[PDB]
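Encoded as structure tokens, the following chain is the form deposited in one PDB entry, with no partner shown.
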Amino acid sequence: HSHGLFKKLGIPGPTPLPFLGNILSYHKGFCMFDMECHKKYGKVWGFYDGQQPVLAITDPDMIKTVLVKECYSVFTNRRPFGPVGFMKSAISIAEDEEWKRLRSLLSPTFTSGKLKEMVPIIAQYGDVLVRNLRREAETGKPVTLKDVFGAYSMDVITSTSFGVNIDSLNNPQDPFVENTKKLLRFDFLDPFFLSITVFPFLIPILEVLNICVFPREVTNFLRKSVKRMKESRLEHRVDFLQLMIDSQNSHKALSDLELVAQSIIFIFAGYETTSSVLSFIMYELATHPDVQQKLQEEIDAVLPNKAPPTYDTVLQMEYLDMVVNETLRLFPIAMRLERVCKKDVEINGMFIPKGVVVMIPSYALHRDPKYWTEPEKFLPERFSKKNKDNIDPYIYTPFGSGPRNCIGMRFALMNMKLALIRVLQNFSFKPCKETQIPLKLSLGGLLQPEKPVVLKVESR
């Protein structure tokens, strides 16, 4: 096999089994595998997903080279991951020049400029979220964050991308909202993906049969919805769809299905991500009352008598930013960053052969006792103006880095912050019947709690 590769390069790592590579070692999940390999093998190690070699790197200089310096030349693409269909055109899945084009075509849709006019729309569902909370606060019902935050994230997506304005929490049976509750992110350690990892030679077989990891039911509904959405009815708005089709006017030439694929990927991208992070944040706040109180104190100072948050007031809130950042340190939901090596290359004193997947293990790096004092504790002061400088931007990578980092980063931060401001203005959050303390991470392929976070909401 290719199983002698790392032994031949003098690169250490877990010894692999025939066919399986090292995938049995994922029985405790990616992040714990990554943590242990790091503690056992040091700064660089290798393992095999089936026959695919994967080189883990932890040196910031080396991480910078891969993510920033040699992105266009060598490390342009992610690992191809399964039968994908037309979604091959989605920006996050596209490769080389097709990616570079789509990235350029879609960049203007993520400038601070037009993010600001997205704010009132998002904001509108800040208030929606509140009443839904108030209804469950007044009746002292312990609250499923994942649900209420899930619905909020949906609402913000529907409206910001297509103009569909639905309180999804109380409209769960609406054609749009229902399996546009969707695309949930892929458990790459579930049996289907474990199998394609061992038999990647079966992927073209699935492709030919038009089998797709993206449910074609959901994909159908949307492609048509978008289509319909282009009568064109306008025959203003400031959503993603129109920011996307108004770019089809005036290199370039964004196809109309390609466009659909991006619409799909933006949901898949920002639905479960936003709501998962928002839940992890509320969990930390409830289990750290002083931090929650400080945050509410900051919010009431910037926005007196419960003032409506604005673009500029959001950015003004420093403790908020620290609380969001520190939650992302503990729970970097992407878990690893990856690029495929396109050419034989020697970087920072190490030769890396063509075809290796270079992997940066963000979860393991975010909790490395070398860059982080008492790494398991939730300590927002890590990110204060004072201590912020001692943080390496290639150790701390919740949104990746370089030309291929999270394109939706500014929007996600703004989104979450708006929601957290509006929520914290009206409620205090407290541990409860359920509350798994400490929180227990799932052993699956997703960075999420084992049991869903539930908390009491009390009206201020």
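Sequential numbering from 1, following the sequence displayed. Heads up, when I say rigid core I mean the largest set of C-alphas that superpose within 1.5 Å between the two forms.
Omitted from view is the form deposited in another entry, to which the following refers.
- Rigid core superposed between this form and the one not shown, residues 183, 337, 143, 74 considered: the one with a C-alpha shift of 2 Å or more is 183.
- The Cα shift for residue 300 between this form and the one not shown, taken after rigid core superposition, is smaller than 2 angstroms.
- The Cα position of residue 376 differs by less than 2 Å between this form and the one not shown after fitting on the rigid core.
- Taking 2 Å as the criterion, residue 444 counts as shifted between this form and the one not shown: its C-alpha moves by at least this amount when the rigid core is aligned.
- Note on residue 172 and residue 455: their C-alpha atoms are nearer in the other form, a change of at least 3 Å from this conformation.
- The pair residue 27 and residue 188 approaches in the other form: their C-alpha atoms are at least 3 Å nearer to each other than in the form depicted.
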